[PDB]
Amino acid sequence: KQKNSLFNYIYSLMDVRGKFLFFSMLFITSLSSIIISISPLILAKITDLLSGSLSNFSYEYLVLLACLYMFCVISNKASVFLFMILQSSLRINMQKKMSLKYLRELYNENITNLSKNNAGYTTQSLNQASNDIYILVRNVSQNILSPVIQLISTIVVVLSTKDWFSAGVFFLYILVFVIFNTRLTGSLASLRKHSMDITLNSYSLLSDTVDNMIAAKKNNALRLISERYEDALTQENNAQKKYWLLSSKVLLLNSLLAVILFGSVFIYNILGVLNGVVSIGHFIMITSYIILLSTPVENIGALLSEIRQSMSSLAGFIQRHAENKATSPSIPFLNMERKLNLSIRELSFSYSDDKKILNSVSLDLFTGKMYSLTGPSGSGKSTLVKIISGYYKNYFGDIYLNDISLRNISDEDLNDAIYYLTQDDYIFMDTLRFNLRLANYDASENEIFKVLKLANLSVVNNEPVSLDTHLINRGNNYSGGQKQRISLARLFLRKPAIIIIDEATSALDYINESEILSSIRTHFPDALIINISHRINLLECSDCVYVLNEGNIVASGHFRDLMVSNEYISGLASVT
Amino acid sequence: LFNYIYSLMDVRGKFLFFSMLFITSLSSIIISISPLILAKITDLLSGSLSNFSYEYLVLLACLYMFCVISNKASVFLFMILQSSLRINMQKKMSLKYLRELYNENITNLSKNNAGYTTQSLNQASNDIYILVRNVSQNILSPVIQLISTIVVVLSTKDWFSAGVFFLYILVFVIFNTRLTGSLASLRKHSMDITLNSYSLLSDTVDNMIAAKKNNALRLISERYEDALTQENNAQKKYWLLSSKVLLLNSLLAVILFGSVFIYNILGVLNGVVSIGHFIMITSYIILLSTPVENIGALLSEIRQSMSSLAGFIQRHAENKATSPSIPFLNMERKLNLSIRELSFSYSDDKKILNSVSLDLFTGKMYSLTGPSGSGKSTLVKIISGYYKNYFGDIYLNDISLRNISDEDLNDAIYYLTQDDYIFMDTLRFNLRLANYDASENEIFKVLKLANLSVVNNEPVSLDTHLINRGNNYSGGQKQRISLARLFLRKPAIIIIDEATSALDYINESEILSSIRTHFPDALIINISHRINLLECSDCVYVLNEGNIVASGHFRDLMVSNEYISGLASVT
Ligand SMILES: Nc1ncnc2c1ncn2[C@@H]1O[C@H](COP(=O)(O)OP(=O)(O)O)[C@@H](O)[C@H]1O
Ligand SMILES: Nc1ncnc2c1ncn2[C@@H]1O[C@H](COP(=O)(O)OP(=O)(O)O)[C@@H](O)[C@H]1O
Ligand code: VO4
Ligand code: VO4
Ligand SMILES: [Mg+2]
Ligand SMILES: [Mg+2]
């Protein structure tokens with residue numbers, strides 16, 4: 001069942017030009033194997049015409065025979081060049097469609113599954129899959145019809161000349177070969193998959209070390225860094241050497257079998273020629289078939305290996321990327337209001353197992369009101385707002401948005417209703433314009449520049465900020481606070497009912513922090529605001545404060561009514 | 001270039017490479033006898049065919065079979081040795097890259113992402129492979145087969161055949177070398193666009209959550225689709241030139257070798273040329289395709305894999321400037337810092353530090369504050385030796401920073417960065433980054449001082465696996481990993497750049513207390529917008545638009561300076 005889905009996926013990557021290039025590749029490979037299967041007869045016909053005549057034969061017929069053999073050789077080589085030209089054209093063609101399908105498939109994946117592996121890994125995963133497709137496309141377009149044609153004609157013709165020992169041992173070889181190899185193909189595929197997986201692990205570790213180079217440099221940790229890569233490379237080599245040995249043995253054994261079987265057919269026909277039983281023409285024909293048969297035997301060997309091993313390695317890729325189990329019963333086009341109230345009822349959560357992060361969070365929040373959420377680091381403030389922001393779906397309890405449950409809200413609608421300002425910044429390596437267009441695609445040049453003022457990013461170091469400012473990897477082109485302001489400017493282009501600020505202002509100075517937080521409430525008057533902070537001034541300003549401790553909400557109400565009652569907030573309000 | 005590829009080969013690597021060259025050379029000698037054996041077989045068919053001439057035909061047929069068998073055994077043996085050599089050279093190449101990346105400057109490292117550096121290694125691996133191959137297979141072997149052909153056809157005194165044969169190799173080597181550079185440039189430019197495309201994929205995948213939550217599939221997809229379109233167009237441009245060269249080389253071969261075939265046909269029809277010679281000539285025409293092809297590869301492949309590999313060495317080894325300083329263990333126990341008229345620019349277009357003049361001393365805690373964009377991080381980064389292109393001077397007990405080895409500087413100073421750098425590995429590995437030789441106890445002791453020995457009423461294991469960017473942990477728990485590192489280190493200067501922002505007042509004060517206790521003589525610079533650290537410091541420094549605008553005690557500054565007055569009023 002998964003075998004059919006695999007080839008349908010490869011077929012789908014081919015547009016109209018792609019389908020033609022693939023069929024042209026199949027046709028040309030098939031046509032040339034018909035033509036080249038004729039050539040050992042031509043050679044035999046040349047041999048007899050000369051043998052046993054003392055220059056007494058049609059010289060015009062020898063020339064016609066020599067020219068037909070040349071046509072065979074020329075057409076077969078033209079076919080090889082034409083196939084490889086079509087092959088590269090089809091690679092180029094299928095490449096783009098393959099790569100976008102991956103990116104679009106990655107976008108539709110859940111946060112939990114995305115977080116599992118780094119960019120180094122996902123980047124080399126595409127690499128392996130692209131190459132795997134390539135191999136499969138080739139093996140199908142070249143090693144299916146062509147070797148069958150050349151092997152059928154060879155047994156048919158050798159059977160026709162009533163040579164039973166030759167056609168017998170010939171058919172015996174293809175039988176012993178196809179059996180022996182298939183009885184060792186899976187064993188190679190498994191050794192190859194396991195190797196390619198270790199290879200992903202190795203690229204994963206390289207990107208992990210390169211992304212945190214600064215840390216390893218500053219701690220003078222070259223030894224620790226180098227050793228864990230050297231270990232990964234050693235796991236890679238050993239996994240590769242294990243494949244190499246099996247591959248080398250199969251090849252040696254297949255070679256020795258060919259030498260024993262085809263060698264006998266050669267000695268048999270030698271003795272047949274020496275005892276006048278077999279003609280020289282026929283001897284040359286059997287000699288010519290033995291030589292010609294190597295390439296279709298090679299193409300079969302390849303197919304049996306390459307098809308099974310690229311199918312296995314490609315199966316594994318489709319698995320860890322399309323395990324789509326979501327299908328949450330969402331309301332079709334249920335547009336959300338200006339004023340939305342949140343209701344969290346007995347919410348429970350665990351990231352893995354073994355540990356519960358949220359005990360039984362019961363909360364009730366309303367439109368146009370600002371709420372503060374605090375507690376020690378490890379309580380689960382981020383976790384709670386992430387669940388509200390639909391990062392995670394396997395939660396116990398219920399979350400409502402004016403009677404409508406989160407479970408019945410589409411991830412697109414939820415993301416339009418709520419805007420989460422993350423603890424960590426996510427700045428795209430692109431223009432400032434691009435980073436802000438992330439919030440709203442259709443935003444005009446003015447709407448974007450207006451938003452810079454609101455985030456206090458219209459002027460940097462008494463100089464006007466350009467929308468074409470190129471932003472380096474992780475936006476380290478900008479200061480900690482300037483990074484936070486990019487993410488803040490995004491909120492102003494969006495139009496949400498709920499606004500979550502998870503320690504999203506921590507890197508800003510008192511002036512900026514207050515001015516932006518002011519502009520937020522001004523621009524979004526009816527917006528419900530959840531604010532996560534460890535600071536009294538951000539807690540003071542709220543309509544109500546919530547204290548989270550080890551998963552459970554331990555205290556509620558006004559900050560002033562809590563700064564003496566609650567153990568945590570009294571600990572914060574220890575500021576002289 | 002070839003010295004670099006040679007260096008990647010150990011003893012097993014050098015053997016495998018020479019075995020590959022030998023076997024390729026030996027088989028081309030053997031297969032160059034082949035058309036003469038075919039001639040003798042054609043001679044016998046139209047000649048001697050007595051009992052002895054039948055036995056001579058069989059011994060001849062066996063020699064041709066030996067040629068064909070030995071040539072194929074050689075092909076299989078070469079590919080076995082090639083893969084063995086690939087495996088062999090692979091590890092040595094990859095570590096050289098990592099070690100080369102570690103020794104690069106922060107400014108150059110920041111220039112490209114992981115997606116880019118990862119696929120950069122990929123391209124160079126493949127470029128080495130091609131070069132190793134074209135050298136071990138397409139140099140001696142085609143020369144042997146082309147020399148012997150012209151020698152033998154010259155010997156049978158056929159001038160038109162050996163003439164047009166030599167003419168082809170001459171026209172071929174000329175025509176192709178004329179277009180090789182044009183192909184290499186089109187290929188390099190394509191491979192570079194390919195890096196740009198992998199760079200954009202890793203950039204999008206690393207910031208997927210942002211694009212997902214902003215429902216930005218269209219903007220994200222469009223950007224990649226554009227990059228892929230720049231990739232296809234760069235690839236199609238190479239494809240066409242490649243396809244033209246191949247079709248023109250094919251048409252030239254059909255015209256020149258076709259003539260040699262027609263000439264010898266007419267020679268056979270007019271009794272001028274024997275059938276035995278006619279076969280030997282077509283047998284040489286057929287045989288010559290593979291050495292012509294291997295020269296076609298050698299000419300084109302050696303040049304294009306040298307161009308793209310030249311680029312890779314350029315961007316990963318150019319460091320013409322190197323200050324021959326070297327004063328060793330520049331400091332012991334105690335340290336003082338002296339910044340004199342420090343000025344700095346990142347891209348020279350704008351000045352970040354105007355003329356910072358500061359003086360700091362042992363055992364004293366100092367606070368540095370100012371608006372976001374003033375340059376607090378910039379200044380401490382320069383103190384931490386991130387950048388060396390600065391005007392002015394920085395001293396560390398009379399010794400200038402310029403004369404302090406990056407190793408010694410990193411042992412004297414410990415910078416706790418604004419952003420956290422958690423390795424995807426065990427907690428043990430993340431802390432062993434600070435001190436390799438640290439014992440299980442030294443590491444666990446440090447976990448307590450970091451307030452990380454217990455998470456959610458459970459004791460923290462040193463074998464805790466930490467996901468990509470340490471997102472397996474809370475913002476504050478990430479900061480505590482970086483803080484736990486400091487307690488394994490032994491510095492004279494300790495910089496805390498907003499390194500406790502994600503921590504609550506209880507832990508911030510509790511850890512900051514254990515820092516001062518464990519490092520009593522340590523000079524401490526603290527960058528904070530909060531006051532619970534500014535009030536605690538022996539002196540406060542206010543940075544505004546590059547220049548240090550205010551100094552002294554915090555209390556004496558919330559009277560004098562309006563910024564410090566306004567900040568304290570947040571009570
Ligand atoms: N690596 C960099 N490349 C270019 N410009 C940078 C870089 N890092 C920071 N900047 C610029 O230098 C200014 C000062 O740097 P920084 O220390 O990060 O500011 P802050 O006072 O917020 O700590 C920033 O406002 C920013 O525009
Ligand atoms: N993505 C995650 N995967 C696994 N564990 C996590 C994740 N995020 C946080 N945790 C765990 O959950 C707890 C609290 O998480 P978090 O919401 O980030 O904390 P905080 O109270 O600082 O907001 C921690 O004890 C931490 O180990
Ligand atoms: O790990 V937290 O308390 O959001 O900073
Ligand atoms: O970018 V700074 O947060 O150190 O103001
Ligand atoms: Mg949090
Ligand atoms: Mg800073």
# chains A, B, ... in the order shown; residues from 1 in each chain; ligands from 1

$ closest_atom_pairs --of "chain B" --to "ligand 5" --cutoff "8 Å" --atoms "only C-alpha atoms and all ligand atoms" --output "JSON lines"
{"residue": "B:474", "atom": "CA", "partner": "ligand 5", "partner_atom_place_in_ligand_line": "1 (Mg)", "distance": 5.5}
{"residue": "B:475", "atom": "CA", "partner": "ligand 5", "partner_atom_place_in_ligand_line": "1 (Mg)", "distance": 5.6}
{"residue": "B:476", "atom": "CA", "partner": "ligand 5", "partner_atom_place_in_ligand_line": "1 (Mg)", "distance": 7.5}
{"residue": "B:502", "atom": "CA", "partner": "ligand 5", "partner_atom_place_in_ligand_line": "1 (Mg)", "distance": 8.0}

$ write_last_selection --atoms "N, CA, C and O atoms" --output "compact mmCIF listing (two decimals), in the first residue's frame"
# COMPACT_ATOMS: atom_id res chain seq x y z
N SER B 474 12.95 26.34 30.16
CA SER B 474 12.37 27.68 30.33
C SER B 474 13.45 28.75 30.13
O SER B 474 14.62 28.48 30.42
N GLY B 475 13.03 29.96 29.70
CA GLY B 475 13.92 31.11 29.49
C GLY B 475 14.98 31.33 30.56
O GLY B 475 16.16 31.48 30.27
N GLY B 476 14.53 31.28 31.81
CA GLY B 476 15.35 31.39 33.01
C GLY B 476 16.25 30.20 33.23
O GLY B 476 17.39 30.39 33.62
N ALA B 502 15.63 36.99 32.53
CA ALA B 502 14.56 35.98 32.55
C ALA B 502 14.37 35.39 33.95
O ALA B 502 13.44 34.59 34.14

$ interface_residues --of "chain B" --to "chain A" --cutoff "6 Å" --atoms "only C-alpha atoms" --output "JSON, numbers by chain"
{"B": [45, 46, 91, 114, 115, 202, 207, 213, 214, 216, 228, 371, 372, 410, 421, 433, 434, 476, 504, 505, 529]}

$ write_last_selection --atoms "N, CA, C and O atoms" --output "mmCIF file, in the first residue's frame"
data_model
loop_
_atom_site.group_PDB
_atom_site.id
_atom_site.type_symbol
_atom_site.label_atom_id
_atom_site.label_comp_id
_atom_site.auth_asym_id
_atom_site.auth_seq_id
_atom_site.Cartn_x
_atom_site.Cartn_y
_atom_site.Cartn_z
ATOM 1 N N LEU B 45 40.433 -15.670 -40.761
ATOM 2 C CA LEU B 45 39.143 -15.994 -41.401
ATOM 3 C C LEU B 45 39.217 -15.991 -42.928
ATOM 4 O O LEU B 45 38.521 -16.787 -43.547
ATOM 5 N N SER B 46 40.005 -15.059 -43.502
ATOM 6 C CA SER B 46 40.323 -14.847 -44.911
ATOM 7 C C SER B 46 41.807 -15.194 -45.148
ATOM 8 O O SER B 46 42.524 -14.454 -45.841
ATOM 9 N N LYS B 91 36.256 11.841 6.857
ATOM 10 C CA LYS B 91 36.450 12.257 8.254
ATOM 11 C C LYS B 91 37.472 13.402 8.379
ATOM 12 O O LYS B 91 37.122 14.475 8.900
ATOM 13 N N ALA B 114 24.056 28.137 9.459
ATOM 14 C CA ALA B 114 24.400 26.722 9.509
ATOM 15 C C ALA B 114 24.034 26.019 8.202
ATOM 16 O O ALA B 114 24.828 25.224 7.711
ATOM 17 N N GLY B 115 22.864 26.338 7.640
ATOM 18 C CA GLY B 115 22.387 25.770 6.379
ATOM 19 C C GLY B 115 23.419 25.940 5.294
ATOM 20 O O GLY B 115 23.785 24.972 4.630
ATOM 21 N N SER B 202 17.175 26.933 5.659
ATOM 22 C CA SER B 202 17.502 26.823 7.085
ATOM 23 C C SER B 202 17.006 28.049 7.862
ATOM 24 O O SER B 202 16.538 27.903 8.997
ATOM 25 N N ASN B 207 13.004 29.715 11.841
ATOM 26 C CA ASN B 207 11.980 30.681 12.247
ATOM 27 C C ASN B 207 10.580 30.246 11.755
ATOM 28 O O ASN B 207 9.759 31.096 11.404
ATOM 29 N N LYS B 213 2.638 31.172 13.146
ATOM 30 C CA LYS B 213 1.788 32.005 13.998
ATOM 31 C C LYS B 213 1.359 33.322 13.336
ATOM 32 O O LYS B 213 0.364 33.914 13.760
ATOM 33 N N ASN B 214 2.078 33.772 12.308
ATOM 34 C CA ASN B 214 1.716 34.992 11.596
ATOM 35 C C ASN B 214 0.973 34.628 10.308
ATOM 36 O O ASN B 214 0.714 35.514 9.483
ATOM 37 N N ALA B 216 1.975 33.177 7.652
ATOM 38 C CA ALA B 216 2.816 33.748 6.600
ATOM 39 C C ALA B 216 3.285 32.736 5.535
ATOM 40 O O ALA B 216 4.244 33.039 4.810
ATOM 41 N N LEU B 228 14.486 29.268 -5.643
ATOM 42 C CA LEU B 228 14.482 28.062 -6.469
ATOM 43 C C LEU B 228 14.464 28.446 -7.956
ATOM 44 O O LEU B 228 15.171 27.834 -8.758
ATOM 45 N N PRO B 371 20.020 53.564 27.082
ATOM 46 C CA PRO B 371 18.929 53.105 26.204
ATOM 47 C C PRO B 371 19.364 51.996 25.237
ATOM 48 O O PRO B 371 20.554 51.863 24.925
ATOM 49 N N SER B 372 18.387 51.204 24.769
ATOM 50 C CA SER B 372 18.637 50.128 23.819
ATOM 51 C C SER B 372 19.128 50.710 22.478
ATOM 52 O O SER B 372 18.385 51.397 21.777
ATOM 53 N N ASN B 410 40.128 34.880 27.234
ATOM 54 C CA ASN B 410 38.963 34.060 27.554
ATOM 55 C C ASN B 410 39.125 33.349 28.900
ATOM 56 O O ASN B 410 38.112 32.916 29.457
ATOM 57 N N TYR B 421 23.433 30.422 24.625
ATOM 58 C CA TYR B 421 23.990 29.474 23.684
ATOM 59 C C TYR B 421 24.075 28.112 24.367
ATOM 60 O O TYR B 421 25.078 27.779 25.016
ATOM 61 N N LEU B 433 31.618 22.432 28.618
ATOM 62 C CA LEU B 433 32.046 23.466 27.676
ATOM 63 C C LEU B 433 32.984 24.473 28.398
ATOM 64 O O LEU B 433 34.018 24.850 27.840
ATOM 65 N N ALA B 434 32.629 24.828 29.667
ATOM 66 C CA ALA B 434 33.334 25.738 30.577
ATOM 67 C C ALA B 434 34.632 25.154 31.108
ATOM 68 O O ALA B 434 35.574 25.922 31.298
ATOM 69 N N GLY B 476 14.531 31.284 31.810
ATOM 70 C CA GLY B 476 15.345 31.395 33.012
ATOM 71 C C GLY B 476 16.247 30.198 33.234
ATOM 72 O O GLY B 476 17.393 30.386 33.623
ATOM 73 N N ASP B 504 13.507 35.702 38.142
ATOM 74 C CA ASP B 504 12.743 36.446 39.132
ATOM 75 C C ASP B 504 13.704 36.999 40.176
ATOM 76 O O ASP B 504 14.824 36.497 40.299
ATOM 77 N N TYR B 505 13.257 37.996 40.942
ATOM 78 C CA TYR B 505 14.072 38.719 41.910
ATOM 79 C C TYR B 505 14.736 37.787 42.939
ATOM 80 O O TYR B 505 15.928 37.968 43.211
ATOM 81 N N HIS B 529 18.843 47.012 32.925
ATOM 82 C CA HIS B 529 17.864 48.089 32.848
ATOM 83 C C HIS B 529 17.147 48.176 34.210
ATOM 84 O O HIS B 529 16.721 49.258 34.608
#

$ select_by_dssp --residues "region 330-515 of chain A" --states "alpha helix (DSSP H)" --output "NGL selection string"
:A and (381-388 or 411-417 or 432-437 or 445-454 or 480-493 or 510-515)

$ write_last_selection --atoms "C-alpha atoms" --output "mmCIF file, in the first residue's frame"
data_model
loop_
_atom_site.group_PDB
_atom_site.id
_atom_site.type_symbol
_atom_site.label_atom_id
_atom_site.label_comp_id
_atom_site.auth_asym_id
_atom_site.auth_seq_id
_atom_site.Cartn_x
_atom_site.Cartn_y
_atom_site.Cartn_z
ATOM 1 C CA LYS A 381 3.785 30.828 32.340
ATOM 2 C CA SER A 382 5.072 30.333 28.722
ATOM 3 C CA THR A 383 3.576 26.767 28.639
ATOM 4 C CA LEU A 384 0.097 28.145 29.595
ATOM 5 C CA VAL A 385 0.131 31.011 27.039
ATOM 6 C CA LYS A 386 1.600 28.583 24.373
ATOM 7 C CA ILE A 387 -1.460 26.261 24.901
ATOM 8 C CA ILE A 388 -3.745 29.384 24.683
ATOM 9 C CA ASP A 411 -5.213 27.374 13.622
ATOM 10 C CA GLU A 412 -5.565 30.182 11.027
ATOM 11 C CA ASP A 413 -8.530 31.855 12.927
ATOM 12 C CA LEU A 414 -6.844 31.358 16.377
ATOM 13 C CA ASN A 415 -3.660 33.059 15.036
ATOM 14 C CA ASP A 416 -5.850 35.965 13.752
ATOM 15 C CA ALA A 417 -7.693 36.267 17.139
ATOM 16 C CA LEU A 432 13.274 44.805 7.881
ATOM 17 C CA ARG A 433 10.332 45.153 5.408
ATOM 18 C CA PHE A 434 10.220 41.322 5.071
ATOM 19 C CA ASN A 435 10.275 40.824 8.878
ATOM 20 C CA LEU A 436 7.285 43.142 9.283
ATOM 21 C CA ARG A 437 5.427 41.827 6.159
ATOM 22 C CA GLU A 445 5.083 51.058 2.573
ATOM 23 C CA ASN A 446 3.397 53.704 4.808
ATOM 24 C CA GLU A 447 1.462 51.218 7.085
ATOM 25 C CA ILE A 448 4.869 49.553 7.739
ATOM 26 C CA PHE A 449 6.783 52.860 8.427
ATOM 27 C CA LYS A 450 3.884 54.080 10.731
ATOM 28 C CA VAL A 451 4.333 50.836 12.743
ATOM 29 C CA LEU A 452 8.123 51.590 13.198
ATOM 30 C CA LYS A 453 7.217 54.766 15.213
ATOM 31 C CA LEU A 454 4.763 52.696 17.398
ATOM 32 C CA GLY A 480 18.666 42.758 22.122
ATOM 33 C CA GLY A 481 16.038 45.485 22.562
ATOM 34 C CA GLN A 482 15.993 46.430 18.815
ATOM 35 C CA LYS A 483 15.246 42.714 18.156
ATOM 36 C CA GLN A 484 12.272 42.851 20.655
ATOM 37 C CA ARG A 485 11.027 46.035 18.895
ATOM 38 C CA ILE A 486 10.875 44.161 15.472
ATOM 39 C CA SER A 487 8.569 41.547 17.053
ATOM 40 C CA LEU A 488 6.584 44.417 18.749
ATOM 41 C CA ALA A 489 6.207 46.333 15.418
ATOM 42 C CA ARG A 490 4.631 43.124 13.935
ATOM 43 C CA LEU A 491 1.735 43.328 16.503
ATOM 44 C CA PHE A 492 0.728 46.801 15.200
ATOM 45 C CA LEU A 493 0.091 45.404 11.610
ATOM 46 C CA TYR A 510 12.087 52.002 31.197
ATOM 47 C CA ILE A 511 11.256 54.875 28.690
ATOM 48 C CA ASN A 512 10.801 52.576 25.616
ATOM 49 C CA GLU A 513 9.038 49.808 27.591
ATOM 50 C CA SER A 514 6.367 52.251 28.909
ATOM 51 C CA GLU A 515 5.946 54.166 25.551
#

$ closest_residue --among "A:22, A:165, A:185, A:125" --to "residue 201 (chain A)" --atoms "only C-alpha atoms"
A:125

$ atom_distance --atom1 "CA of residue 285 (chain B)" --atom2 "CA of residue 30 (chain A)"
25.0 Å

$ residues_around --residues "residue 10 (chain B)" --least-positions-apart "4" --cutoff "9 Å" --atoms "only C-alpha atoms" --output "compact mmCIF listing (two decimals) with C-alpha atoms, in the first residue's frame"
# COMPACT_ATOMS: atom_id res chain seq x y z
CA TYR B 6 46.87 15.08 -0.69
CA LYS B 14 47.61 7.11 -0.38
CA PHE B 15 47.65 3.34 -1.21
CA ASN B 88 38.84 7.38 4.20
CA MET B 89 39.21 11.07 3.15
CA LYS B 92 39.82 14.13 7.93

$ closest_atom_pairs --of "chain B" --to "ligand 2" --cutoff "12 Å" --atoms "only C-alpha atoms and all ligand atoms" --output "tab-separated table"
residue	atom	partner	partner_atom_place_in_ligand_line	distance
B:452	CA	ligand 2	25 (O)	10.0
B:453	CA	ligand 2	25 (O)	11.7
B:454	CA	ligand 2	25 (O)	9.3
B:455	CA	ligand 2	25 (O)	5.5
B:456	CA	ligand 2	25 (O)	5.6
B:457	CA	ligand 2	25 (O)	9.4
B:458	CA	ligand 2	25 (O)	9.5
B:459	CA	ligand 2	25 (O)	11.3
B:460	CA	ligand 2	27 (O)	9.8
B:461	CA	ligand 2	27 (O)	11.9
B:464	CA	ligand 2	27 (O)	10.0
B:465	CA	ligand 2	4 (C)	10.2
B:466	CA	ligand 2	4 (C)	9.0
B:467	CA	ligand 2	3 (N)	8.1
B:468	CA	ligand 2	1 (N)	10.2
B:469	CA	ligand 2	1 (N)	10.5
B:470	CA	ligand 2	1 (N)	8.7
B:471	CA	ligand 2	1 (N)	5.3
B:472	CA	ligand 2	3 (N)	4.0
B:473	CA	ligand 2	26 (C)	4.4
B:474	CA	ligand 2	18 (O)	3.4
B:475	CA	ligand 2	22 (O)	5.7
B:476	CA	ligand 2	22 (O)	5.9
B:477	CA	ligand 2	22 (O)	7.4
B:478	CA	ligand 2	18 (O)	9.5
B:479	CA	ligand 2	22 (O)	10.8
B:480	CA	ligand 2	22 (O)	11.5
B:501	CA	ligand 2	22 (O)	11.5
B:502	CA	ligand 2	22 (O)	7.7
B:503	CA	ligand 2	22 (O)	8.2
B:504	CA	ligand 2	22 (O)	9.3

$ write_last_selection --atoms "C-alpha atoms" --output "compact mmCIF listing (two decimals), in the first residue's frame"
# COMPACT_ATOMS: atom_id res chain seq x y z
CA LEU B 452 19.32 24.22 38.72
CA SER B 453 19.93 21.16 41.03
CA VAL B 454 16.10 20.60 41.31
CA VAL B 455 13.45 21.23 38.56
CA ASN B 456 9.69 20.67 39.37
CA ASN B 457 10.39 18.94 42.79
CA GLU B 458 12.63 16.44 40.89
CA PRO B 459 16.50 16.28 41.14
CA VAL B 460 18.12 17.38 37.85
CA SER B 461 20.19 14.63 36.08
CA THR B 464 19.25 15.53 30.73
CA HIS B 465 19.07 15.82 26.95
CA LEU B 466 18.74 19.40 25.74
CA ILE B 467 16.80 19.94 22.43
CA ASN B 468 17.80 22.45 19.62
CA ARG B 469 18.44 25.99 21.17
CA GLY B 470 17.78 24.39 24.62
CA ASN B 471 13.99 24.93 24.07
CA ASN B 472 13.53 21.82 26.30
CA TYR B 473 13.99 24.41 29.14
CA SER B 474 12.37 27.68 30.33
CA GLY B 475 13.92 31.11 29.49
CA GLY B 476 15.35 31.39 33.01
CA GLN B 477 16.56 27.75 33.14
CA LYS B 478 18.47 28.54 29.91
CA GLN B 479 20.12 31.59 31.68
CA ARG B 480 20.97 29.35 34.67
CA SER B 501 16.65 39.21 32.82
CA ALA B 502 14.56 35.98 32.55
CA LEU B 503 15.07 35.32 36.32
CA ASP B 504 12.74 36.45 39.13

$ residues_around --residues "residue 404 (chain A)" --least-positions-apart "2" --cutoff "12 Å" --atoms "only C-alpha atoms" --output "list in words"
residues 330, 331, 334, 335, 336, 337, 340, 341, 342, 343, 344, 398, 399, 400, 401, 402, 406, 407, 408, 409, 410, 413 and 414 of chain A

$ write_last_selection --atoms "C-alpha atoms" --output "compact mmCIF listing (two decimals), in the first residue's frame"
# COMPACT_ATOMS: atom_id res chain seq x y z
CA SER A 330 -12.91 22.98 13.49
CA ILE A 331 -15.80 25.36 12.63
CA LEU A 334 -16.43 31.35 11.99
CA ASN A 335 -15.02 34.93 12.01
CA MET A 336 -14.09 36.26 15.48
CA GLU A 337 -15.41 39.48 17.16
CA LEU A 340 -13.26 38.24 23.17
CA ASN A 341 -13.20 36.75 26.74
CA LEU A 342 -11.02 33.72 27.68
CA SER A 343 -12.12 30.93 30.05
CA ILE A 344 -9.55 28.26 31.10
CA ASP A 398 -11.01 22.98 28.34
CA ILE A 399 -10.27 26.49 26.96
CA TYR A 400 -13.09 28.72 25.63
CA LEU A 401 -13.24 31.98 23.62
CA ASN A 402 -16.82 33.35 24.14
CA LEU A 406 -10.12 26.13 21.18
CA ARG A 407 -10.48 22.51 19.92
CA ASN A 408 -13.15 23.73 17.44
CA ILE A 409 -11.06 26.78 16.30
CA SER A 410 -8.94 26.58 13.10
CA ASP A 413 -8.53 31.85 12.93
CA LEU A 414 -6.84 31.36 16.38

$ closest_residue --among "B:428, B:223, B:12, B:381" --to "ligand 4" --atoms "only C-alpha atoms and all ligand atoms"
B:381
